[PDB]
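Spelled out from the first residue to the last, the chains are:
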Amino acid sequence: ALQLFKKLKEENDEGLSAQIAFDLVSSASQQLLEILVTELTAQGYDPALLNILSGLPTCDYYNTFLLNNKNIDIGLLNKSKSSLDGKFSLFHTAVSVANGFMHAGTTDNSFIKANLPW
Amino acid sequence: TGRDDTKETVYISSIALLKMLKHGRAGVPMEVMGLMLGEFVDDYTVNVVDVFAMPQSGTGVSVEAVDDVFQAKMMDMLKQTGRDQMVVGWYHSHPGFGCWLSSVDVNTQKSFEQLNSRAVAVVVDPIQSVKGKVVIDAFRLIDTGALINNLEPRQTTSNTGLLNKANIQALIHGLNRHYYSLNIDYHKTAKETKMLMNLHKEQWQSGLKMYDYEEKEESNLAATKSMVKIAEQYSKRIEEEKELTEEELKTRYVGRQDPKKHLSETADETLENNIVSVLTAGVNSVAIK
Amino acid sequence: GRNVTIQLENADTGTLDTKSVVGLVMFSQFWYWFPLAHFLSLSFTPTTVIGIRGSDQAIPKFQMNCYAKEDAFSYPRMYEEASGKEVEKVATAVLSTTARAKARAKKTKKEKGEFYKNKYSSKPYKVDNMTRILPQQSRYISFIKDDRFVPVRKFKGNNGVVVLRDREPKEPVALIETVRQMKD
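Residues numbered from 1 in each chain as written, not as in the entry; some residues may be left out. Chains lettered and ligands numbered in written order. Part of a larger assembly, values for the part shown. Heavy atoms only, no water.

- The name the PDB entry assigns to chain C is 26S proteasome regulatory subunit RPN2, from the organism Saccharomyces cerevisiae.
- Under its PDB record, the entry appears with the title "26S proteasome in presence of BeFx (s4)".

- According to the UniProt record, the Function comment for chain B reads "Component of the lid subcomplex of the 26S proteasome, a multiprotein complex involved in the ATP-dependent degradation of ubiquitinated proteins. RPN11 is the only catalytically active member of the lid and serves as the essential deubiquitinase of the proteasome."
- UniProt lists a comment for chain B under the heading Catalytic activity, and it reads "Thiol-dependent hydrolysis of ester, thioester, amide, peptide and isopeptide bonds formed by the C-terminal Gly of ubiquitin (a 76-residue protein attached to proteins as an intracellular targeting signal)." (UniProt positions renumbered as here; feature names shortened; annotations may be inferred.)

Have a look at this one:
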């Protein structure tokens, strides 16, 4: 891993180096990611690459994706009220699990606010 | 906000189980009662190590049939023997009814609730059990208040549980008044399992015992004669049998109570045995002499 | 919101996506304690091709030609659900009874008095950058070589962040900011 990034120290174009960084983080283990950033810091590798490999760029990028393109049914709100009872332990749970998955990766408070009695 | 009010999974040991079938079933029609001795750990794991029969009483089961005088006395004997462990509840037998608490048995439960709040009331129906272990259930009080303010869901938070369903009158009475039921589970050691089956030396000693040869003759004769009779019927089965609709065939050629199949069964049993019979006799003769 | 798919393994290196697997074992068990159910969350992975204009970390708006069949990768609808169903069903129940109670009499006397896969058709259509993009649809996507935005090395043919070099910085590019920037 270190040796690859020594090759691209010399072949340093930030478009090329960053690209290879994205591919690596999708694939590799978290444990690897940790050990690599410490080593590259002492390499004094380009601090652009260091940012990606933390995984913070990718996080933001996926939040904008999920905001823009979410499509939500209004029928989950009503279905929950009608068939299921938020007092009963089993029934209250199922709704939380289904809703939790629905609005995932993006803050959503519409559901909370509407099924506020529930 | 408040309490879970959780109801324990009642973990009934095999030793305790066997004394319950023995004392209760034998004692029919007269009811029998007694305490349960155990240890309570967690908030859901009660291990009922032992049970005993408290001395019979002609009030059978009532608040006053059970007594502290009986309780203390028995405890003191086991106290010395170091086999003493805290009272985790009480059992009694209903041999004429299914699993549910009388109006009286609730009152009895209520005194044991005050003693220990994890106290169980266990109704044992042993004659109208056809497997033994079935139709025995363990119960716990729920308050009159609890029903109004709806504290039944809490007790079973995040667990599949078992809520019993047999007896419709007596059950729905119990489910919505007498007590809340949760699952009842039996556990045992693998030292004890060895004991329950019992190993014997006569399992293998019986394998080199050679039963008399009059009995081999009879089996040879009998099995063969029998299949002669159903072999006529088999000829009848396959005389035609190839015209449409399978159902039609089974009534006309009497393929119901299938004669082909019965021939195979009688054949297999005898075939298997006659091979055991040669196998034992050969082993006996060289081995001894 | 119909934007995630569950990844079994990383298909590019042929090697386990670790986080997902641990999600699934923990998910299966839930008979015992229902809130174990929430660990299914970690297996969700989003799927989209996201161009990055230079190393600025801003998303260009540009488009890519995709030789595919449109119908195949139509953006899945808003569902009817149970609520929508009641309304529609009860409307039909009313009509259906009424119909036959009049139709029968009226008529008598009236007169007397696939390819699971359809490829993607050779037809092109433009697909906007940073939209919900199916794994199969992602194959066909090819960056426009006339266009300023081209990947440093050739496109994967799969969803995921691919960094582009911008031929002209002079020419303003419509941009959608990252979220961190919006909050400030």
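1. A word on the overall build of chain B
Part 1 of the reasoning: Across its full length, chain B carries 11 helices and eight strands.
Part 2 of the reasoning: Whereas a compact globule of 289 residues would reach a radius of gyration of roughly 19 Å, chain B reaches 29 Å, over 25% beyond that.
Part 3 of the reasoning: Counting only C-alpha atoms, chain B reaches 75 × 65 × 40 Å along its principal axes.
Part 4 of the reasoning: The 289 residues of chain B split such that 33% are buried.
Part 5 of the reasoning: Total accessible area on chain B is roughly 18400 Å²; 59% of this is exposed by carbon and sulfur atoms.
Part 6 of the reasoning: Charge-centre separation for chain B: the mean point of 33 positive side chains lies 2 Å from the mean point of 40 negative side chains. (Helix = DSSP H or I, 4+ residues; strand = E, 2+ residues; numbered from the N terminus. Rg over C-alpha atoms; globule rule 2.2 N^0.38 Å. Buried < 20%, exposed > 50% of the residue type's maximum accessible area, 1.4 Å probe, protein only. Areas by Shrake-Rupley, 256 points an atom, 1.4 Å probe, with all protein chains shown as cover. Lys, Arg positive; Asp, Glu negative; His and termini not counted. Charge placed at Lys NZ, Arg CZ, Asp CG, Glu CD.)

2. Some details on the packing of aromatic side chains
All names here are of chain C.
Part 1 of the reasoning: Enumeration over the complete set of coordinates arrives at 16 aromatic pairs over all chains.
Part 2 of the reasoning: Here the aromatic rings of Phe30 and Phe34 are separated by 5.7 Å at their centres, their planes lie at 65°, and the arrangement is edge-to-face.
Part 3 of the reasoning: Accessibility expressed as a relative area gives 16% for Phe34, which makes it buried.
Part 4 of the reasoning: The ring centre of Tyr79 lies 4.6 Å from the NZ or CZ of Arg2, which sits over that ring. (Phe/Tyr/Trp six-rings, centres within 6.5 Å; stacked < 30°, edge-to-face > 60°. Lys NZ or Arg CZ within 6 Å of the ring centre and 35° of its normal.)

3. A closer look at the nonpolar core
Part 1 of the reasoning: Ranked by size, the top nonpolar core spans 22 residues in total, and within it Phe5, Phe22, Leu40, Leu49 and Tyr61 of chain A together with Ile52 of chain C carry the most contacts.
Part 2 of the reasoning: When residues of this core are traced back to their parent elements, those giving at least two are α1 (2-10), α2 (14-27), α3 (30-43), α4 (47-54) and α5 (56-69) of chain A together with β5 (49-53) and β11 (160-166) of chain C.
Part 3 of the reasoning: Apart from the residues lying within four places of it in its own chain, the contact partners of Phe22 of chain A are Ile52, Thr58 and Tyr61 of chain A together with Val161 and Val163 of chain C.
Part 4 of the reasoning: Counting 20 residues, the second largest nonpolar core, distinct from the first, contains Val61, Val66, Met74 and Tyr179 of chain B. (Core = buried A, V, L, I, M, F, W, Y, C linked by side-chain atoms within 4.5 Å. Contact = heavy atoms within 4.5 Å.)

4. With respect to the UniProt feature "binding site: Zn(2+)" in chain B
All names here are of chain B.
Part 1 of the reasoning: Following the UniProt record, one finds the feature "binding site: Zn(2+)" at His92, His94 and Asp105.
Part 2 of the reasoning: Mapped onto the elements of the fold, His94 is located in the loop between β4 (87-93) and α3 (103-115).
Part 3 of the reasoning: Residues within four places of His94 in sequence aside, it is in contact with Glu31, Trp100, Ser102, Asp105, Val123, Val124, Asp125 and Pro126.
Part 4 of the reasoning: Of the polar contacts made by the side chain of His94, one reaches the side chain of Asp105; its length is 3.3 Å.
Part 5 of the reasoning: Within the secondary structure layout, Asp105 lies in helix α3.
Part 6 of the reasoning: Look at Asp105 and you get buried, because its relative accessible area is 1%.
Part 7 of the reasoning: Not counting residues within four places of it along the chain, the set of residues in contact with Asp105 comprises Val61, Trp90, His92 and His94. (Polar contact = N/O pair within 3.5 Å; in protein donor to acceptor, adjacent residues only side chain to side chain.)

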